[PDB]
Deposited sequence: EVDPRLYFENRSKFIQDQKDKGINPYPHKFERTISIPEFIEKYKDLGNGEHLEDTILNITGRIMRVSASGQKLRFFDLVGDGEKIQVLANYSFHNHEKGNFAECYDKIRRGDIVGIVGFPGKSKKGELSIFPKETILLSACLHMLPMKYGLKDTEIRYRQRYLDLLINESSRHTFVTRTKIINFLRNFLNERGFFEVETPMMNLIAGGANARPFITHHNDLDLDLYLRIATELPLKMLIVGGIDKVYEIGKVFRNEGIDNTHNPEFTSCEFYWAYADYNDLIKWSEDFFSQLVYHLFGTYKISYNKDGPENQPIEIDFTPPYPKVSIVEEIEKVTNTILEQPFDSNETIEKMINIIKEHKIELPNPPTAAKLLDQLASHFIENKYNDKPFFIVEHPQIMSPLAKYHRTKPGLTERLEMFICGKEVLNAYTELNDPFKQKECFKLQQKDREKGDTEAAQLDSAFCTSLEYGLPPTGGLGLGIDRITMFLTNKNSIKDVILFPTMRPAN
């Protein structure tokens, strides 16, 4: 209970009163635990190198029987575990009594060990201490290795120490990001940094904050799209950024207020080049992590059967306007925001009984029509939704053959959007929103070269590559209410 904390807290006072520093300043580690393994993992059983004295650190995760001559411990560090065999014969009695300097070590304590490598006669690789010091004691009681359950979200430090699956989840998350950064850097791109506080944000509700020195409300950025396109006008033909974006929307299993995004912009490249980029990226991404393009994902949870997602390119391409016109057997007349087609789309929303968006705009009705009849159609492999109407794509260049549409693409995994790209609209006259930042509109008048931009959802991508059902499991500290 709280009793264990009260006992360990006053033990720290005892050692302080006995002239011992329970939190010493420096302990010179001469080898880490993973490095300890590789250097001595092929030693014989019972073979001791008693004449190679190491200095090792780590956390105690298991204390064994208190045999008054042999002590067994578990030293875990950097995600890997070794054994500690404290023998009275090998212990240095010059610094303290053997039984006295080991009965005080509880499970969870950070210790510093001076010893030599070797293997047990059983066959377990162990470090044999001649000297053991407490570096940082654990006042509370650590849970068992299967005791975590939303504590993993608030006390993430416990979740990283107890559940082995949690570390792997984040060792691969930053590997997905590092692979993405190298993928663009090796193709001649340019990582930059665009501001997060502006005067207008540019489908999102804005986080409003106030600057006290300037006395003006600033919108937290919802997308790094506009300032990156302004950098394309500036000459930076291949630019990207990987940072946090903000949505003041709802919180559920696949949405978070802040979330990691990546947007690159490619000069003189178009919609066809963006499809090839995503096919090359995701295929090599999952092959870099797994040695294969087919991955297993549990859409229904770990208790149920998983599905197989094949990442072998190419991926299916599906036009949104056509399949909405097929699965519903309807014909939508352009313009889609006419008072007749708007009513016709609402009629389909009420027949098939779907949550009608609020308010009923032709863009939201088309998006809602695609979210039910198209998105959750193909789950065993990623696919693109292509050629969105310009009523749904204000900054996407008009389609070069079919009127009313654009050259847009959205890739989905298990029916969730993880990618958004299109050929960038560069005509300032065809951009009617410019009669949006007025600084962006002015930058279009200075000449935006034919550009293709693409946006990636880092958190959702990491979810499906780690077999996770909730976005709270790919973020170290998800924002919640105390």
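> What are the missing stretches of the deposited sequence, listed from start to end?
Unobserved in coordinates, per deposited numbering: 1-3, 152-153, 208-209, 443-458, 506-507.
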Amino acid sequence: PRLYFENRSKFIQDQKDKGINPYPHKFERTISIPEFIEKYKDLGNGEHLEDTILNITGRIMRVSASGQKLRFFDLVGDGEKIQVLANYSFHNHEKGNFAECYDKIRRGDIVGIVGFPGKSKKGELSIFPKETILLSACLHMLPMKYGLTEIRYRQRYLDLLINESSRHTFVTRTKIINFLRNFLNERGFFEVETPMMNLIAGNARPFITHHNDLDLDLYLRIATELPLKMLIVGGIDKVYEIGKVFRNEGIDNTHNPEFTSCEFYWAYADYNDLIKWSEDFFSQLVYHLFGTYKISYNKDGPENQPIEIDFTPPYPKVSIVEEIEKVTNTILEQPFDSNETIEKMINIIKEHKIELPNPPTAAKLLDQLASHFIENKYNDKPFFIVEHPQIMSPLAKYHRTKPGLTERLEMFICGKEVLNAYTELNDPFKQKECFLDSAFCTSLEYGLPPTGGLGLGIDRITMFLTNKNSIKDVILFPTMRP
From here on, numbers count along this sequence of modelled residues.
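In this text, the rigid core denotes the largest set of C-alpha atoms whose superposition between the two forms falls within 1.5 Å.
> Give, as the answer, the stretch of 23-31 and 59-67 that departs more from the shown form in 7 other deposited structures of this protein; the measure is RMS Cα distance after a core fit.
Between the two stretches, 59-67 moves farther in 7 other deposited structures of this protein.
> Quick one: core-superposed, which stretch strays further from the shown model in 7 other deposited structures of this protein, 320-328 or 268-276? Go by RMS C-alpha distance.
Taking the RMS over all superposed structures in 7 other deposited structures of this protein, 320-328 lies farther out.
> Output yes if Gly202 is unmodelled in at least a third of the other compared entries of this protein, no if it is modelled in all of them.
Yes, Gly202 lacks coordinates in at least a third of the other compared entries that model both of its neighbours.
> With respect to the recorded C-alpha B factors, which stretch has the higher mean value, 152-160 or 332-340?
Higher mean C-alpha B-factor: 332-340.
> Would you tell me which stretch averages the higher CA B-factor in the PDB entry, 355-363 or 313-321?
Looking at the recorded C-alpha B-factors, 355-363 comes out higher on average.
> Out of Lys130, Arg173, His388, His372, which one has a C-alpha B factor higher than all the others in the entry?
Out of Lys130, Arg173, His388, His372, the record gives the largest C-alpha B-factor to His372.
> Comparing recorded Cα B-factors across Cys434, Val418, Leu444, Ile56, which one is largest?
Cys434 has the highest C-alpha B-factor of those listed.
> Lowest, middle or highest third: where is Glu407 by Cα B-factor in its chain?
As the PDB entry reports it, the C-alpha B-factor of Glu407 lands in the middle third of its chain.
> Using only modelled residues of the chain, where does the Cα B factor of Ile307 rank: lowest third, middle third or highest third?
Answer is lowest: the recorded C-alpha B-factor places it there.
> Ranking the modelled residues of this chain by C-alpha B-factor as given in the entry, is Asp459 in the lowest, middle or highest third?
Within its chain, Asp459 is a lowest-third residue by C-alpha B-factor, going by the deposited values.
> Looking at the entry's B-factor column for C-alpha atoms only, identify whether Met345 ranks in the lowest, middle or highest third of its chain.
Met345: CA B-factor falls in the highest third of its chain.
> Split into thirds by Cα B-factor across the chain's modelled residues, where does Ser64 land: lowest, middle or highest?
Its C-alpha B-factor, which the entry lists for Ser64, ranks in the highest third among residues of this chain.
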